[PDB]
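Excluded from the calculations below are hydrogen atoms, water molecules and symmetry mates; all remaining heavy atoms, backbone and side chain alike, are included. We count ligands from 1, going down the list as the structure has it; atoms in each ligand are counted the same way. Numbers for residues simply follow the sequence, beginning at 1.
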Amino acid sequence: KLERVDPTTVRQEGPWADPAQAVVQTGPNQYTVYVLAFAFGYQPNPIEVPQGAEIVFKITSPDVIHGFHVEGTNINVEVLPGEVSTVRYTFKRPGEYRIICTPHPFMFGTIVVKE
Ligand SMILES: [Cu+2]
């Protein structure tokens, strides 16, 4: 069901290698966001997306299992090394959202949804 990726090369080549290129416009009101869930943080940080846009999160791990839950939303997904977790969401409220990892409570990320 989930797309496969080589976890040993995910940080050197491909769409998760450069966090400055994590946000790719794939349509007029559509963005794909390549998120790396690693020990112990998120890449990019912060994730910046416009409000009302369809976001396609493509999340993967180069090490161990991580969680990807965006507080105040129903986004609650497991992130496995070598597998791509896909989350589709449209943020209707601008502001800052916290990304939470259940196994690592010291691991935090930020999403900024712009007006
Ligand atoms: Cu974690």
Side-chain angles (χ1 to χ4, degrees):
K1 172 95 177 277
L2 255 52
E3 289 160 276
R4 289 283 178 172
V5 282
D6 188 349
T8 67
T9 69
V10 80
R11 284 192 115 138
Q12 292 112 284
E13 214 147 47
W16 292 269
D18 187 359
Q21 298 190 81
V23 182
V24 182
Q25 182 169 192
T26 58
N29 187 40
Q30 291 127 302
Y31 298 88
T32 295
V33 181
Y34 295 98
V35 184
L36 193 73
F38 65 95
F40 297 98
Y42 295 98
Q43 174 207 100
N45 190 7
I47 294 157
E48 297 186 304
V49 294
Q51 66 162 326
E54 300 159 20
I55 304 309
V56 181
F57 294 104
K58 294 272 176 194
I59 321 141
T60 200
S61 173
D63 45 50
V64 300
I65 293 165
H66 300 281
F68 184 91
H69 165 240
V70 184
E71 89 177 4
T73 82
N74 49 26
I75 302 168
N76 190 202
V77 113
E78 191 176 78
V79 187
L80 292 100
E83 286 174 48
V84 183
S85 299
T86 302
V87 193
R88 304 171 107 104
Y89 201 81
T90 302
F91 297 89
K92 297 197 180 293
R93 193 198 168 110
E96 295 186 34
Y97 296 72
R98 194 173 62 149
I99 311 165
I100 281 131
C101 179
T102 306
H104 317 121
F106 44 91
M107 188 171 154
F108 288 110
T110 301
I111 305 185
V112 173
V113 357
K114 304 183 176 281
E115 289 108 305

*Kindly give the atom name of the N, O or S atom of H104 closest to the Cu ion (ligand 1).*
ND1
*For the Cu ion (ligand 1), decide whether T102 has an N, O or S atom at a distance under 2.8 Å.*
no
_Strictly distance-based, threshold 3.5 Å: is any side-chain N or O of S61 a donor or acceptor partner for the main-chain N or O of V64?_
yes
*Give the minimum heavy-atom separation between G67 and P103, together with the two atoms involved.*
N-CD, 4.4 Å
*Angle subtended at the Cu ion (ligand 1) by SD of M107 and SG of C101, to 10 degrees?*
110°
*Restricting to N/O/S, name the atom of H66 that gets closest to the Cu ion (ligand 1).*
ND1
*Look only at the side chain of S85 and the backbone of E78, and say whether a donor-acceptor pair between them is shorter than 3.5 Å.*
yes
*asked:* For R4 and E83: C-alpha separation, side-chain torsions, deciding distance, then whether side-chain contact (heavy atoms from CB on, under 4.5 Å) applies.
replied: CA-CA 5 Å; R4 289 283 178 172; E83 286 174 48; 3.1 Å; yes
